[PDB]
file my_file-v3.txt (compact mmCIF, N, CA, C and O atoms and all ligand atoms)
# COMPACT_ATOMS: atom_id res chain seq x y z
N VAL A 168 109.55 98.96 56.14
CA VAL A 168 108.58 99.54 57.07
C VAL A 168 108.97 100.99 57.36
O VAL A 168 110.16 101.31 57.53
N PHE A 169 107.98 101.87 57.42
CA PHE A 169 108.22 103.27 57.70
C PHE A 169 108.70 103.46 59.14
O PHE A 169 108.47 102.62 60.01
N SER A 170 109.36 104.59 59.37
CA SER A 170 109.90 104.90 60.69
C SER A 170 108.78 105.36 61.61
O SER A 170 108.32 106.51 61.52
N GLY A 171 108.34 104.48 62.50
CA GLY A 171 107.37 104.86 63.51
C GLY A 171 107.85 104.60 64.92
O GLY A 171 107.96 103.45 65.34
N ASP A 172 108.12 105.68 65.66
CA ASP A 172 108.58 105.60 67.05
C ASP A 172 109.77 104.64 67.19
O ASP A 172 109.81 103.81 68.10
N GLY A 173 110.74 104.77 66.29
CA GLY A 173 111.88 103.88 66.31
C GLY A 173 113.07 104.35 65.49
O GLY A 173 113.38 105.54 65.46
N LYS A 174 113.74 103.41 64.83
CA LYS A 174 114.95 103.70 64.08
C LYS A 174 114.60 104.34 62.74
O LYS A 174 113.45 104.71 62.47
N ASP A 175 115.60 104.49 61.87
CA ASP A 175 115.39 105.12 60.57
C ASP A 175 114.46 104.29 59.70
O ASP A 175 113.50 104.81 59.12
N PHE A 176 114.74 102.99 59.57
CA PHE A 176 113.93 102.11 58.75
C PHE A 176 113.96 100.70 59.32
O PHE A 176 114.80 100.37 60.16
N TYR A 177 113.03 99.88 58.86
CA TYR A 177 112.95 98.48 59.26
C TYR A 177 112.44 97.66 58.08
O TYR A 177 111.68 98.16 57.25
N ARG A 178 112.88 96.41 58.02
CA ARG A 178 112.53 95.51 56.93
C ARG A 178 111.66 94.37 57.45
O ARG A 178 112.05 93.66 58.38
N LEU A 179 110.49 94.20 56.85
CA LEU A 179 109.58 93.13 57.20
C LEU A 179 109.84 91.92 56.30
O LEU A 179 110.82 91.87 55.55
N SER A 180 108.96 90.92 56.37
CA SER A 180 109.10 89.71 55.58
C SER A 180 107.73 89.23 55.14
O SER A 180 106.69 89.80 55.51
N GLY A 181 107.72 88.17 54.33
CA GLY A 181 106.46 87.60 53.87
C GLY A 181 105.72 86.87 54.97
O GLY A 181 104.49 86.96 55.06
N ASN A 182 106.44 86.14 55.82
CA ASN A 182 105.79 85.41 56.91
C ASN A 182 105.22 86.35 57.96
O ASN A 182 104.18 86.05 58.56
N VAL A 183 105.87 87.49 58.19
CA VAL A 183 105.34 88.48 59.13
C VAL A 183 104.16 89.18 58.48
O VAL A 183 104.24 89.66 57.34
N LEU A 184 103.05 89.26 59.22
CA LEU A 184 101.82 89.82 58.67
C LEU A 184 101.71 91.33 58.88
O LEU A 184 101.14 92.02 58.03
N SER A 185 102.25 91.85 59.98
CA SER A 185 102.06 93.26 60.27
C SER A 185 103.14 93.77 61.21
O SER A 185 103.73 93.00 61.98
N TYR A 186 103.40 95.07 61.13
CA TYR A 186 104.20 95.80 62.09
C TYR A 186 103.42 97.04 62.51
O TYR A 186 102.79 97.68 61.67
N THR A 187 103.48 97.37 63.79
CA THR A 187 102.64 98.43 64.35
C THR A 187 103.52 99.48 65.01
O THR A 187 104.55 99.16 65.62
N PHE A 188 103.11 100.74 64.89
CA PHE A 188 103.82 101.87 65.48
C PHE A 188 102.92 102.65 66.44
O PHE A 188 103.04 103.87 66.57
N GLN A 189 102.03 101.94 67.14
CA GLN A 189 101.12 102.55 68.11
C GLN A 189 101.67 102.29 69.51
O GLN A 189 101.63 101.16 70.00
N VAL A 190 102.18 103.34 70.15
CA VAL A 190 102.80 103.22 71.46
C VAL A 190 101.72 103.44 72.52
O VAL A 190 101.19 104.54 72.67
N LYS A 191 101.40 102.37 73.26
CA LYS A 191 100.42 102.43 74.34
C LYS A 191 101.04 101.82 75.59
O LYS A 191 101.46 100.66 75.56
N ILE A 192 101.09 102.59 76.67
CA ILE A 192 101.68 102.16 77.92
C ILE A 192 100.69 102.42 79.05
O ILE A 192 99.98 103.43 79.04
N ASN A 193 100.65 101.52 80.02
CA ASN A 193 99.79 101.64 81.19
C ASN A 193 100.63 101.64 82.46
O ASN A 193 101.85 101.42 82.43
N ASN A 194 99.97 101.87 83.59
CA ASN A 194 100.64 101.92 84.88
C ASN A 194 99.61 101.78 85.99
O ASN A 194 98.42 101.98 85.78
N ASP A 195 100.10 101.43 87.17
CA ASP A 195 99.26 101.29 88.35
C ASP A 195 100.13 101.48 89.59
O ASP A 195 101.32 101.16 89.58
N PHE A 196 99.51 102.00 90.65
CA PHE A 196 100.23 102.28 91.89
C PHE A 196 99.29 102.07 93.07
O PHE A 196 98.10 102.37 92.99
N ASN A 197 99.85 101.54 94.16
CA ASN A 197 99.10 101.30 95.40
C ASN A 197 100.03 101.61 96.57
O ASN A 197 100.81 100.75 97.00
N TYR A 198 99.95 102.84 97.07
CA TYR A 198 100.79 103.28 98.18
C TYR A 198 99.96 103.36 99.46
O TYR A 198 98.79 103.76 99.44
N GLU A 199 100.58 102.97 100.58
CA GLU A 199 99.92 102.97 101.87
C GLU A 199 100.82 103.61 102.92
O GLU A 199 102.05 103.63 102.78
N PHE A 200 100.20 104.15 103.96
CA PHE A 200 100.92 104.73 105.09
C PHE A 200 100.02 104.69 106.31
O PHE A 200 98.81 104.94 106.21
N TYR A 201 100.60 104.36 107.46
CA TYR A 201 99.83 104.24 108.69
C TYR A 201 100.74 104.49 109.89
O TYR A 201 101.96 104.65 109.75
N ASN A 202 100.12 104.54 111.07
CA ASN A 202 100.82 104.70 112.34
C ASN A 202 99.87 104.37 113.48
O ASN A 202 98.75 104.89 113.54
N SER A 203 100.32 103.52 114.40
CA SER A 203 99.56 103.17 115.60
C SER A 203 100.44 103.44 116.81
O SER A 203 101.52 102.86 116.93
N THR A 204 99.98 104.30 117.70
CA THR A 204 100.75 104.72 118.87
C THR A 204 99.93 104.52 120.13
O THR A 204 98.72 104.81 120.15
N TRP A 205 100.58 104.03 121.18
CA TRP A 205 99.94 103.77 122.46
C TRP A 205 100.76 104.40 123.57
O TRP A 205 102.00 104.42 123.51
N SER A 206 100.07 104.93 124.58
CA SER A 206 100.75 105.57 125.71
C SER A 206 99.88 105.37 126.95
O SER A 206 98.81 105.96 127.06
N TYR A 207 100.36 104.55 127.88
CA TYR A 207 99.67 104.28 129.13
C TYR A 207 100.58 104.67 130.29
O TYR A 207 101.72 104.22 130.37
N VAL A 208 100.07 105.53 131.18
CA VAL A 208 100.82 106.00 132.33
C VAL A 208 99.95 105.84 133.57
O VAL A 208 98.75 106.16 133.54
N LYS A 209 100.54 105.35 134.65
CA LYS A 209 99.83 105.13 135.90
C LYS A 209 100.72 105.55 137.07
O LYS A 209 101.93 105.35 137.03
N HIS A 210 100.10 106.13 138.09
CA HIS A 210 100.83 106.62 139.25
C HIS A 210 99.97 106.46 140.49
O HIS A 210 98.73 106.50 140.42
N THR A 211 100.63 106.27 141.63
CA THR A 211 99.94 106.13 142.91
C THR A 211 100.86 106.62 144.02
O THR A 211 102.08 106.54 143.92
N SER A 212 100.24 107.15 145.08
CA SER A 212 100.99 107.68 146.22
C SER A 212 100.13 107.57 147.46
O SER A 212 99.02 108.11 147.50
N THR A 213 100.64 106.87 148.48
CA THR A 213 99.93 106.68 149.74
C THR A 213 100.87 106.98 150.89
O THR A 213 101.99 106.46 150.93
N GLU A 214 100.42 107.81 151.83
CA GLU A 214 101.21 108.18 153.00
C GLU A 214 100.35 108.03 154.25
O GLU A 214 99.21 108.51 154.28
N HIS A 215 100.89 107.37 155.27
CA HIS A 215 100.18 107.13 156.52
C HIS A 215 101.10 107.48 157.68
O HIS A 215 102.25 107.04 157.72
N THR A 216 100.58 108.25 158.63
CA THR A 216 101.33 108.64 159.82
C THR A 216 100.41 108.63 161.03
O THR A 216 99.28 109.13 160.95
N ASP B 359 90.11 86.03 59.73
CA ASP B 359 90.80 86.19 61.01
C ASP B 359 92.17 86.85 60.83
O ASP B 359 92.68 87.46 61.77
N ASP B 360 92.77 86.72 59.65
CA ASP B 360 94.09 87.30 59.42
C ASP B 360 94.01 88.76 58.99
O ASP B 360 94.81 89.58 59.45
N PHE B 361 93.07 89.10 58.11
CA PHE B 361 93.02 90.43 57.51
C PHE B 361 91.82 91.26 57.94
O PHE B 361 91.90 92.49 57.91
N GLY B 362 90.71 90.63 58.33
CA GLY B 362 89.61 91.37 58.91
C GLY B 362 88.31 91.36 58.13
O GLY B 362 88.09 90.50 57.28
N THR B 363 87.45 92.33 58.42
CA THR B 363 86.13 92.42 57.81
C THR B 363 85.95 93.79 57.17
O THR B 363 85.19 93.94 56.21
N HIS B 364 86.65 94.80 57.69
CA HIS B 364 86.56 96.16 57.19
C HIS B 364 87.96 96.74 57.02
O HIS B 364 88.96 96.15 57.42
N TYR B 365 88.01 97.92 56.40
CA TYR B 365 89.26 98.63 56.18
C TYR B 365 89.01 100.12 56.31
O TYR B 365 87.90 100.61 56.12
N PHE B 366 90.08 100.85 56.65
CA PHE B 366 89.97 102.27 56.96
C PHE B 366 89.88 103.07 55.66
O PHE B 366 90.84 103.11 54.89
N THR B 367 88.73 103.70 55.43
CA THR B 367 88.57 104.62 54.31
C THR B 367 88.87 106.06 54.72
O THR B 367 89.61 106.77 54.03
N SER B 368 88.31 106.50 55.84
CA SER B 368 88.56 107.83 56.37
C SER B 368 88.43 107.78 57.89
O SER B 368 87.64 107.00 58.43
N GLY B 369 89.21 108.62 58.56
CA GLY B 369 89.17 108.64 60.01
C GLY B 369 90.20 109.58 60.58
O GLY B 369 90.60 110.55 59.93
N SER B 370 90.63 109.29 61.80
CA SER B 370 91.58 110.13 62.51
C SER B 370 92.57 109.25 63.26
O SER B 370 92.31 108.07 63.54
N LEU B 371 93.72 109.84 63.59
CA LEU B 371 94.76 109.16 64.35
C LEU B 371 95.38 110.16 65.31
O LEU B 371 95.90 111.19 64.87
N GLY B 372 95.33 109.86 66.60
CA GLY B 372 95.86 110.76 67.60
C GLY B 372 96.19 110.05 68.89
O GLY B 372 96.17 108.82 68.96
N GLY B 373 96.49 110.84 69.91
CA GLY B 373 96.84 110.30 71.21
C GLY B 373 95.80 110.58 72.27
O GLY B 373 95.00 111.51 72.14
N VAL B 374 95.79 109.78 73.33
CA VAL B 374 94.84 109.94 74.43
C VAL B 374 95.42 109.26 75.66
O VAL B 374 96.17 108.29 75.55
N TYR B 375 95.07 109.78 76.83
CA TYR B 375 95.52 109.21 78.09
C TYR B 375 94.45 109.45 79.15
O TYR B 375 93.48 110.18 78.93
N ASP B 376 94.64 108.82 80.31
CA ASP B 376 93.69 108.94 81.40
C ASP B 376 94.41 108.66 82.71
O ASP B 376 95.32 107.83 82.76
N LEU B 377 94.01 109.36 83.77
CA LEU B 377 94.59 109.20 85.09
C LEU B 377 93.49 109.12 86.13
O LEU B 377 92.48 109.83 86.05
N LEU B 378 93.69 108.25 87.12
CA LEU B 378 92.74 108.08 88.21
C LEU B 378 93.51 107.93 89.52
O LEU B 378 94.44 107.12 89.60
N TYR B 379 93.12 108.71 90.52
CA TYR B 379 93.79 108.71 91.82
C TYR B 379 92.76 108.62 92.93
O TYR B 379 91.67 109.18 92.83
N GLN B 380 93.11 107.89 93.99
CA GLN B 380 92.26 107.74 95.16
C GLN B 380 93.09 107.96 96.41
O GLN B 380 94.14 107.33 96.58
N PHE B 381 92.62 108.85 97.29
CA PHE B 381 93.33 109.19 98.51
C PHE B 381 92.39 109.07 99.70
O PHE B 381 91.20 109.34 99.61
N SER B 382 92.96 108.66 100.83
CA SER B 382 92.22 108.52 102.08
C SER B 382 93.13 108.87 103.25
O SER B 382 94.35 108.74 103.16
N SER B 383 92.52 109.32 104.34
CA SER B 383 93.27 109.69 105.53
C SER B 383 92.36 109.57 106.75
O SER B 383 91.18 109.90 106.68
N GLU B 384 92.93 109.08 107.85
CA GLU B 384 92.19 108.91 109.09
C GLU B 384 93.05 109.39 110.26
O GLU B 384 94.24 109.09 110.33
N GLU B 385 92.43 110.14 111.17
CA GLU B 385 93.10 110.64 112.36
C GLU B 385 92.22 110.40 113.57
O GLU B 385 91.04 110.78 113.56
N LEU B 386 92.78 109.76 114.59
CA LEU B 386 92.02 109.41 115.79
C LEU B 386 92.83 109.79 117.02
O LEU B 386 94.04 109.53 117.08
N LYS B 387 92.16 110.40 118.00
CA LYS B 387 92.80 110.84 119.23
C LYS B 387 91.96 110.38 120.42
O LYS B 387 90.73 110.41 120.37
N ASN B 388 92.64 109.97 121.49
CA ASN B 388 91.96 109.53 122.70
C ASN B 388 92.83 109.88 123.90
O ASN B 388 94.04 109.64 123.89
N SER B 389 92.20 110.45 124.93
CA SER B 389 92.90 110.84 126.15
C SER B 389 92.09 110.39 127.36
O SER B 389 90.86 110.34 127.32
N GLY B 390 92.80 110.08 128.44
CA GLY B 390 92.16 109.66 129.67
C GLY B 390 92.81 110.25 130.91
O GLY B 390 94.04 110.30 131.01
N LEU B 391 92.00 110.72 131.85
CA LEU B 391 92.50 111.29 133.09
C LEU B 391 91.62 110.83 134.25
O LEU B 391 90.39 110.89 134.16
N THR B 392 92.26 110.38 135.33
CA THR B 392 91.55 109.93 136.52
C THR B 392 92.39 110.25 137.74
O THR B 392 93.55 109.81 137.82
N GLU B 393 91.82 111.00 138.67
CA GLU B 393 92.52 111.40 139.89
C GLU B 393 91.59 111.23 141.08
O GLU B 393 90.43 111.63 141.02
N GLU B 394 92.11 110.63 142.15
CA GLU B 394 91.34 110.42 143.37
C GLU B 394 92.26 110.60 144.57
O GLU B 394 93.36 110.05 144.60
N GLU B 395 91.80 111.38 145.55
CA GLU B 395 92.57 111.64 146.76
C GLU B 395 91.64 111.61 147.96
O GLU B 395 90.55 112.19 147.92
N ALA B 396 92.07 110.94 149.03
CA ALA B 396 91.27 110.83 150.25
C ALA B 396 92.18 110.98 151.46
O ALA B 396 93.28 110.42 151.49
N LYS B 397 91.72 111.74 152.45
CA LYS B 397 92.47 111.97 153.67
C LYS B 397 91.52 111.86 154.86
O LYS B 397 90.45 112.48 154.86
N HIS B 398 91.91 111.08 155.86
CA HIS B 398 91.10 110.87 157.05
C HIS B 398 91.99 110.89 158.28
O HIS B 398 93.07 110.29 158.27
N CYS B 399 91.55 111.59 159.32
CA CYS B 399 92.32 111.67 160.56
C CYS B 399 91.37 111.88 161.73
O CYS B 399 90.39 112.62 161.62
N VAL B 400 91.67 111.22 162.85
CA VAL B 400 90.87 111.32 164.06
C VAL B 400 91.81 111.51 165.25
O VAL B 400 92.97 111.07 165.22
N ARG B 401 91.31 112.17 166.29
CA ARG B 401 92.09 112.39 167.50
C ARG B 401 91.16 112.41 168.70
O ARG B 401 90.12 113.08 168.67
N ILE B 402 91.53 111.68 169.75
CA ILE B 402 90.77 111.62 170.99
C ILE B 402 91.74 111.76 172.16
O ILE B 402 92.87 111.26 172.10
N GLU B 403 91.30 112.45 173.21
CA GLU B 403 92.12 112.64 174.40
C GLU B 403 91.22 112.72 175.62
O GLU B 403 90.20 113.42 175.60
N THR B 404 91.58 111.99 176.67
CA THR B 404 90.82 111.96 177.91
C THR B 404 91.77 111.98 179.09
O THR B 404 92.80 111.30 179.08
N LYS B 405 91.43 112.77 180.10
CA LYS B 405 92.21 112.84 181.33
C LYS B 405 91.27 112.94 182.52
O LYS B 405 90.26 113.64 182.46
N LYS B 406 91.60 112.22 183.59
CA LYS B 406 90.77 112.17 184.79
C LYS B 406 91.66 112.15 186.02
O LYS B 406 92.63 111.38 186.07
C1 LIG C 1 103.61 108.22 112.79
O1 LIG C 1 102.78 108.50 111.64
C2 LIG C 1 103.31 109.50 110.76
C3 LIG C 1 102.27 109.72 109.68
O2 LIG C 1 102.87 110.21 108.48
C4 LIG C 1 104.65 109.04 110.21
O3 LIG C 1 105.19 110.06 109.38
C5 LIG C 1 105.61 108.74 111.35
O4 LIG C 1 106.83 108.22 110.84
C6 LIG C 1 104.99 107.73 112.32
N1 LIG C 1 105.87 107.51 113.45
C7 LIG C 1 106.16 106.30 113.94
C8 LIG C 1 105.53 105.14 113.24
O5 LIG C 1 106.91 106.15 114.90
call {"tool": "encode", "arguments": {"input": "my_file-v3.txt", "output": "structure tokens"}}
result
Amino acid sequence: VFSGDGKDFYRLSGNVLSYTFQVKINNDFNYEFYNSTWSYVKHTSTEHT
Amino acid sequence: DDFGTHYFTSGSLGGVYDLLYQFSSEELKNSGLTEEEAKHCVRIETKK
């Protein structure tokens, strides 16, 4: 077998029907980011004289 | 099924790729203010 995307040479056999040198690679990504913030403040003041 | 129906007489051989990206962003703001003040005073005086 001719050198395709590999070593110097390779040897096939009769039972093996084919060898391929077509390099196809895929990929996928799913990234997320978030933030939830809460801030509650309460105050009271009463004076009696 | 092993060898096919057609064979390559003439054509081309090359590379190809593709990229797809999706981005989203959300920003939300909320503020609250409440102020209340009350003052009451009375005075009475009598002399006889
Ligand atoms: C708030 O959200 C921002 C958005 O990028 C993030 O960088 C930050 O770390 C968050 N803070 C938190 C969750 O306390």
call {"tool": "residues_near_ligand", "arguments": {"input": "my_file-v3.txt", "ligand": "ligand LIG 1 (chain C)", "cutoff": "7 Å", "atoms": "all atoms listed in the file", "output": "list in words"}}
result
residues 200, 201, 202 and 203 of chain A
call {"tool": "write_last_selection", "arguments": {"input": "my_file-v3.txt", "atoms": "N, CA, C and O atoms", "output": "compact mmCIF listing (two decimals), keeping the file's coordinate frame"}}
result
# COMPACT_ATOMS: atom_id res chain seq x y z
N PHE A 200 100.20 104.15 103.96
CA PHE A 200 100.92 104.73 105.09
C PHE A 200 100.02 104.69 106.31
O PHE A 200 98.81 104.94 106.21
N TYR A 201 100.60 104.36 107.46
CA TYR A 201 99.83 104.24 108.69
C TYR A 201 100.74 104.49 109.89
O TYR A 201 101.96 104.65 109.75
N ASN A 202 100.12 104.54 111.07
CA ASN A 202 100.82 104.70 112.34
C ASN A 202 99.87 104.37 113.48
O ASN A 202 98.75 104.89 113.54
N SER A 203 100.32 103.52 114.40
CA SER A 203 99.56 103.17 115.60
C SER A 203 100.44 103.44 116.81
O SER A 203 101.52 102.86 116.93
call {"tool": "interface_residues", "arguments": {"input": "my_file-v3.txt", "of": "chain A", "to": "chain B", "cutoff": "12 Å", "atoms": "only C-alpha atoms", "output": "short mmCIF file (atom, residue, chain, number, x, y, z; two decimals) with N, CA, C and O atoms, in the coordinates of the input"}}
result
data_model
loop_
_atom_site.label_atom_id
_atom_site.label_comp_id
_atom_site.auth_asym_id
_atom_site.auth_seq_id
_atom_site.Cartn_x
_atom_site.Cartn_y
_atom_site.Cartn_z
N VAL A 183 105.87 87.49 58.19
CA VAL A 183 105.34 88.48 59.13
C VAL A 183 104.16 89.18 58.48
O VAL A 183 104.24 89.66 57.34
N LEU A 184 103.05 89.26 59.22
CA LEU A 184 101.82 89.82 58.67
C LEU A 184 101.71 91.33 58.88
O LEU A 184 101.14 92.02 58.03
N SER A 185 102.25 91.85 59.98
CA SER A 185 102.06 93.26 60.27
C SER A 185 103.14 93.77 61.21
O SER A 185 103.73 93.00 61.98
N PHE A 188 103.11 100.74 64.89
CA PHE A 188 103.82 101.87 65.48
C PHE A 188 102.92 102.65 66.44
O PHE A 188 103.04 103.87 66.57
N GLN A 189 102.03 101.94 67.14
CA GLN A 189 101.12 102.55 68.11
C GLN A 189 101.67 102.29 69.51
O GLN A 189 101.63 101.16 70.00
N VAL A 190 102.18 103.34 70.15
CA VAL A 190 102.80 103.22 71.46
C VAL A 190 101.72 103.44 72.52
O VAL A 190 101.19 104.54 72.67
N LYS A 191 101.40 102.37 73.26
CA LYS A 191 100.42 102.43 74.34
C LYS A 191 101.04 101.82 75.59
O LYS A 191 101.46 100.66 75.56
N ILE A 192 101.09 102.59 76.67
CA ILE A 192 101.68 102.16 77.92
C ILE A 192 100.69 102.42 79.05
O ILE A 192 99.98 103.43 79.04
N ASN A 193 100.65 101.52 80.02
CA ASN A 193 99.79 101.64 81.19
C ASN A 193 100.63 101.64 82.46
O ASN A 193 101.85 101.42 82.43
N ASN A 194 99.97 101.87 83.59
CA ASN A 194 100.64 101.92 84.88
C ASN A 194 99.61 101.78 85.99
O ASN A 194 98.42 101.98 85.78
N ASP A 195 100.10 101.43 87.17
CA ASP A 195 99.26 101.29 88.35
C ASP A 195 100.13 101.48 89.59
O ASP A 195 101.32 101.16 89.58
N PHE A 196 99.51 102.00 90.65
CA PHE A 196 100.23 102.28 91.89
C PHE A 196 99.29 102.07 93.07
O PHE A 196 98.10 102.37 92.99
N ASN A 197 99.85 101.54 94.16
CA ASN A 197 99.10 101.30 95.40
C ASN A 197 100.03 101.61 96.57
O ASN A 197 100.81 100.75 97.00
N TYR A 198 99.95 102.84 97.07
CA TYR A 198 100.79 103.28 98.18
C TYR A 198 99.96 103.36 99.46
O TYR A 198 98.79 103.76 99.44
N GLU A 199 100.58 102.97 100.58
CA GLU A 199 99.92 102.97 101.87
C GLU A 199 100.82 103.61 102.92
O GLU A 199 102.05 103.63 102.78
N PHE A 200 100.20 104.15 103.96
CA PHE A 200 100.92 104.73 105.09
C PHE A 200 100.02 104.69 106.31
O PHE A 200 98.81 104.94 106.21
N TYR A 201 100.60 104.36 107.46
CA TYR A 201 99.83 104.24 108.69
C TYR A 201 100.74 104.49 109.89
O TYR A 201 101.96 104.65 109.75
N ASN A 202 100.12 104.54 111.07
CA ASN A 202 100.82 104.70 112.34
C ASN A 202 99.87 104.37 113.48
O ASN A 202 98.75 104.89 113.54
N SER A 203 100.32 103.52 114.40
CA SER A 203 99.56 103.17 115.60
C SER A 203 100.44 103.44 116.81
O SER A 203 101.52 102.86 116.93
N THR A 204 99.98 104.30 117.70
CA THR A 204 100.75 104.72 118.87
C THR A 204 99.93 104.52 120.13
O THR A 204 98.72 104.81 120.15
N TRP A 205 100.58 104.03 121.18
CA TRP A 205 99.94 103.77 122.46
C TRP A 205 100.76 104.40 123.57
O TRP A 205 102.00 104.42 123.51
N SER A 206 100.07 104.93 124.58
CA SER A 206 100.75 105.57 125.71
C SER A 206 99.88 105.37 126.95
O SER A 206 98.81 105.96 127.06
N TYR A 207 100.36 104.55 127.88
CA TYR A 207 99.67 104.28 129.13
C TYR A 207 100.58 104.67 130.29
O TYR A 207 101.72 104.22 130.37
N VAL A 208 100.07 105.53 131.18
CA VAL A 208 100.82 106.00 132.33
C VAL A 208 99.95 105.84 133.57
O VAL A 208 98.75 106.16 133.54
N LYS A 209 100.54 105.35 134.65
CA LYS A 209 99.83 105.13 135.90
C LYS A 209 100.72 105.55 137.07
O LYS A 209 101.93 105.35 137.03
N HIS A 210 100.10 106.13 138.09
CA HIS A 210 100.83 106.62 139.25
C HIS A 210 99.97 106.46 140.49
O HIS A 210 98.73 106.50 140.42
N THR A 211 100.63 106.27 141.63
CA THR A 211 99.94 106.13 142.91
C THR A 211 100.86 106.62 144.02
O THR A 211 102.08 106.54 143.92
N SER A 212 100.24 107.15 145.08
CA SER A 212 100.99 107.68 146.22
C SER A 212 100.13 107.57 147.46
O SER A 212 99.02 108.11 147.50
N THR A 213 100.64 106.87 148.48
CA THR A 213 99.93 106.68 149.74
C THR A 213 100.87 106.98 150.89
O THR A 213 101.99 106.46 150.93
N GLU A 214 100.42 107.81 151.83
CA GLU A 214 101.21 108.18 153.00
C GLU A 214 100.35 108.03 154.25
O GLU A 214 99.21 108.51 154.28
N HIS A 215 100.89 107.37 155.27
CA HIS A 215 100.18 107.13 156.52
C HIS A 215 101.10 107.48 157.68
O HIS A 215 102.25 107.04 157.72
N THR A 216 100.58 108.25 158.63
CA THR A 216 101.33 108.64 159.82
C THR A 216 100.41 108.63 161.03
O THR A 216 99.28 109.13 160.95
#
call {"tool": "axis_aligned_box", "arguments": {"input": "my_file-v3.txt", "around": "stretch 201-208 of chain A", "padding_each_side": "3 Å", "output": "AutoDock Vina command-line options"}}
result
--center_x 100.4 --center_y 104.5 --center_z 120.5 --size_x 9.3 --size_y 9.3 --size_z 32.1
call {"tool": "residues_around", "arguments": {"input": "my_file-v3.txt", "residues": "residue A:186", "least_positions_apart": "5", "cutoff": "8 Å", "atoms": "all atoms listed in the file", "output": "mmCIF file with N, CA, C and O atoms, keeping the file's coordinate frame"}}
result
data_model
loop_
_atom_site.group_PDB
_atom_site.id
_atom_site.type_symbol
_atom_site.label_atom_id
_atom_site.label_comp_id
_atom_site.auth_asym_id
_atom_site.auth_seq_id
_atom_site.Cartn_x
_atom_site.Cartn_y
_atom_site.Cartn_z
ATOM 1 N N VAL A 168 109.550 98.960 56.140
ATOM 2 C CA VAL A 168 108.580 99.540 57.070
ATOM 3 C C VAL A 168 108.970 100.990 57.360
ATOM 4 O O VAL A 168 110.160 101.310 57.530
ATOM 5 N N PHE A 169 107.980 101.870 57.420
ATOM 6 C CA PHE A 169 108.220 103.270 57.700
ATOM 7 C C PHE A 169 108.700 103.460 59.140
ATOM 8 O O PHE A 169 108.470 102.620 60.010
ATOM 9 N N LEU A 179 110.490 94.200 56.850
ATOM 10 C CA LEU A 179 109.580 93.130 57.200
ATOM 11 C C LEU A 179 109.840 91.920 56.300
ATOM 12 O O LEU A 179 110.820 91.870 55.550
#
call {"tool": "atom_distance", "arguments": {"input": "my_file-v3.txt", "atom1": "atom C of residue B:359", "atom2": "atom CA of residue A:187"}}
result
16.0 Å
call {"tool": "atom_distance", "arguments": {"input": "my_file-v3.txt", "atom1": "atom N of residue B:369", "atom2": "atom CA of residue A:173"}}
result
24.4 Å
